[PDB]
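Here the structure is laid out as structure tokens; the discussion comes afterwards.
When a residue number appears, it is its place in the shown sequence, counting from 1. Worth knowing before you read on, the calculation uses all heavy atoms, side chains too, and leaves out hydrogens, waters and symmetry mates.
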Amino acid sequence: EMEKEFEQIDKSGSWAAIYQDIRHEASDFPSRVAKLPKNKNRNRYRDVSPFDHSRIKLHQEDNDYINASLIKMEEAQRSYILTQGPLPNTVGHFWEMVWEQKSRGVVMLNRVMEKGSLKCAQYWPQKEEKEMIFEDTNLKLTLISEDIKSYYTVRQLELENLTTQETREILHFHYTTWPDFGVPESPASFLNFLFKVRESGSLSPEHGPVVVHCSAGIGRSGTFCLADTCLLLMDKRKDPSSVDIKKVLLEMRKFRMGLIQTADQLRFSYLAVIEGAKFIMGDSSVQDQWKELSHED
Ligand SMILES: O=C(O)COc1cccc(Cl)c1
């Protein structure tokens with residue numbers, strides 16, 4: 001059981017040690033396309049690249065490259081696209097990807113500005129009456145509605161293919177109180193947020209994969225899909241002891257490098273899964289307690 005493993009590592013203070021064993025066992029696959037000189041301005045960080053085998057390709061003849069990976073969790077029947085925060089010159093590529101992959105949800109785990117620096121381009125509209133047009137990819141994006149909670153925001157967006165006049169509704173889930181290289185206030189507000197994404201249908205197999213990002217798309221983004229996948233596996237087998245979070249994280253690291261960036265993100269992931277297991281194990285009321293503790297009202 002992970003809860004016992006949790007106490008052993010906590011009492012022995014071994015998080016930095018567990019974390020280094022994961023770093024050392026992690027997959028290394030080629031990322032040749034990311035490193036082509038024509039793609040240097042498509043990468044936010046020189047040291048965070050998609051592997052060639054799992055990279056998302058844009059359907060455009062000129063240049064198919066975006067810093068985005070498909071993470072396919074076969075047993076859980078869940079897919080995720082993990083990506084960087086869009087750059088000023090890749091906002092059009094970002095929405096082209098959302099369109100082409102048939103995604104229903106975008107999960108954003110960072111603020112546009114953190115620690116006095118820009119972590120992400122402002123890639124969605126701030127007011128209903130001021131829509132965004134991406135000339136390079138022929139898409140229009142309108143803000144339909146915005147629901148603000150204390151520490152996250154849910155936006156309904158309309159994406160229009162200007163080439164075919166097709167429209168889709170995209171849900172933007174914005175977690176607004178999670179610091180870079182840090183961990184949420186408590187497992188409670190993070191779990192409340194993850195359950196809200198699930199409730200929307202955005203993670204369901206009748207849609208394309210959810211798009212998840214932070215600044216690099218590996219740390220905070222990693223924590224989100226590790227907790228979701230672990231809870232679904234636990235669900236699927238109704239056995240908390242059957243789930244090894246270290247093995248799931250290594251399986252995810254076959255698809256994108258660096259998922260979970262610090263030992264505290266790793267400890268946070270264990271905590272989130274352990275608390276989440278209360279619900280998965282048949283205590284429905286725990287979901288209402290999370291909503292209370294998160295103080296979203
Ligand atoms: O997602 C996080 O919390 C941390 O991830 C990173 C942020 C910026 C740069 C790099 Cl290399 C990683």
Tell me, with the steps shown, if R220 and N110 meet side chain to side chain contact (heavy atoms under 4.5 Å, CB included). CA-CA 8 Å; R220 298 179 269 181; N110 65 291; 3.3 Å; yes
Pair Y80-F224, ring-ring contact (aromatic ring centres under 6.0 Å, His included): steps then yes or no: CA-CA 10 Å; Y80 316 93; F224 181 86; 7.2 Å; no
side-chain hydrogen bond (donor to acceptor under 3.5 Å, both in side chains) between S242 and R237, worked out: CA-CA 8 Å; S242 77; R237 297 189 290 221; 3.3 Å; yes
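Within 6.0 Å of CD in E135 there are 12 or fewer heavy atoms belonging to other residues, nucleotides or ligands. When the shell of 6.0 Å around CD of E166 is examined, it contains more than 12 heavy atoms from other residues, nucleotides or ligands. Around NZ of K57, the count of heavy atoms belonging to other residues, nucleotides or ligands within 6.0 Å does not exceed 12. For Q20, the CD atom sits in a packed shell: over 12 heavy atoms of surrounding residues, nucleotides or ligands are nearer than 6.0 Å. Residue-environment remark: CG (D288) exceeds the threshold of 12 foreign heavy atoms within 6.0 Å. Within 6.0 Å of CD in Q165 there are 12 or fewer heavy atoms belonging to other residues, nucleotides or ligands. The number of heavy atoms from other shown groups lying within 6.0 Å of CZ (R23) is above 12.
When all heavy atoms of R42 and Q84 are compared, the closest pair comes out as O-NE2, 2.9 Å. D47 approaches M257 most closely through the heavy-atom pair O-SD, 3.7 Å. Across all their heavy atoms, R111 and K119 have their closest contact at O-CB, 3.7 Å. In plain terms, the two heavy atoms of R44 and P86 that are nearest each other are NH2-O, 2.7 Å. Residues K246 and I18 share a closest heavy-atom pair of CD-CG2, 3.6 Å. Considering every non-hydrogen atom in both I280 and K238, the closest pair reads O-NZ, 3.1 Å.
Here the side chains of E5 and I9 are in contact, with some heavy-atom distance below 4.5 Å. The shortest distance between side-chain heavy atoms of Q101 and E96 does not fall below 4.5 Å. Using a 4.5 Å cut-off on side-chain heavy atoms (C-beta onward), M281 and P240 make contact. Between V106 and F173, the closest side-chain pair of non-hydrogen atoms is not below 4.5 Å. Using a 4.5 Å heavy-atom threshold, the side chains of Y175 and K196 count as separate. Considering only heavy atoms from C-beta on, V197 comes within 4.5 Å of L203 through its side chain. Contact of the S269 side chain with the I245 side chain is registered, since non-hydrogen atoms from C-beta on lie closer than 4.5 Å. Two residues are said to be in side-chain contact when any heavy atoms from C-beta on lie closer than 4.5 Å; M108 and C120 meet this criterion.
Side-chain N or O atoms of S14 include none that pairs as donor or acceptor with a backbone N or O of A17 at under 3.5 Å. Of the possible polar contacts, none joining the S54 side chain to the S69 backbone as a donor-acceptor pair under 3.5 Å is found. No donor-acceptor distance shorter than 3.5 angstrom exists from the side chain of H93 to the backbone of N67, with no hydrogens or angles considered. The backbone N or O of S215 sits nowhere less than 3.5 Å from a side-chain atom of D180 that would complete a donor-acceptor pair. Of the possible polar contacts, none joining the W95 side chain to the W99 backbone as a donor-acceptor pair under 3.5 Å is found. Between the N43 side chain and the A34 main chain, a donor and an acceptor come within less than 3.5 Å of each other. The main-chain N or O of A188 is found under 3.5 Å from a side-chain atom of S186 such that the two form a donor-acceptor pair. Between the side chain of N63 and the main chain of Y65, a donor-acceptor pair closer than 3.5 Å is present. With hydrogens and angles ignored, the 3.5 Å screen pairs no side-chain donor or acceptor of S103 with any backbone N or O of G105. Side-chain N or O atoms of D64 include none that pairs as donor or acceptor with a backbone N or O of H59 at under 3.5 Å.
For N161 and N138, the side-chain atoms include no donor-acceptor pair closer than 3.5 Å. No side-chain N or O of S12 forms a donor-acceptor pair with one of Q8 less than 3.5 Å apart. Remark: the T177 side chain and the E185 side chain contain an N/O donor-acceptor pair separated by less than 3.5 Å. Residues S294 and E296 have side chains that never bring a donor and an acceptor to within less than 3.5 angstrom of each other. Inspection of the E275 and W290 side chains reveals an N or O donor paired with an N or O acceptor under 3.5 Å. Side-chain atoms of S285 and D283 form a donor-acceptor pair, as typed in the model, at a separation below 3.5 Å. For the residue pair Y151 / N192, a side-chain donor-acceptor distance below 3.5 Å is found, with atom types taken as modelled.
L259 pairs with exactly one of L226, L82, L250, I22 by the side chain to side chain contact (heavy atoms under 4.5 Å, CB included) rule, that one being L82. Of the candidates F181, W15, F190, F190 is the only one forming a ring pair (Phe, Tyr, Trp, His ring centres under 6.0 Å) with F268. Between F255 and the options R253, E251, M252, a side chain to side chain contact (heavy atoms under 4.5 Å, CB included) holds for only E251. If you run side chain to side chain contact (heavy atoms under 4.5 Å, CB included) between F193 and each of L109, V154, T176, only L109 comes through.
The OG atom of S145 lies 7.5 Å from the CD atom of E128; values are rounded to the nearest 0.5 Å. Rounded to the nearest 0.5 angstrom, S49 OG and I218 CD1 are separated by 10.0 Å. Taking CD from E160 and CZ from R168, the interatomic distance works out to 12.0 Å, rounded to the nearest 0.5 Å. Taking OH of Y152 as the reference point, atom NE2 of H174 lies at 13.5 Å (rounded to 0.5 Å). Interatomic distance, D52 CG to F29 CZ, rounded to the nearest 0.5 Å: 11.5 Å. With rounding to the nearest 0.5 Å, the separation of SG in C225 from CG in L232 is 12.5 Å.
Ion pairing between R267 and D10 holds under the 4.0 Å rule for side-chain N and carboxylate O. Residues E199 and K291 are not paired through a salt bridge, judged by the lack of any N-O separation under 4.0 Å between the basic side chain and the carboxylate.
Under the 4.5 Å side-chain heavy-atom criterion for ILVMFWY residues, no single connected hydrophobic cluster contains both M97 and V212. By the rule that hydrophobic residues join a cluster once side-chain heavy atoms approach within less than 4.5 Å of another member, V91 and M113 end up as members of one cluster. With hydrophobic clusters built from ILVMFWY side chains whose heavy atoms lie under 4.5 angstrom apart, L157 shares a cluster with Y123. Placement of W124 and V107 in two distinct hydrophobic clusters is found when ILVMFWY residues are connected by side-chain heavy-atom separations under 4.5 Å, directly or transitively. Transitive grouping of hydrophobic side chains (ILVMFWY, heavy atoms separated by less than 4.5 Å) brings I274 and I260 into a common cluster.
In this pair, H213 and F94 present their aromatic rings perpendicular. The plane angle is above 60°, beyond the 30 to 60° band.
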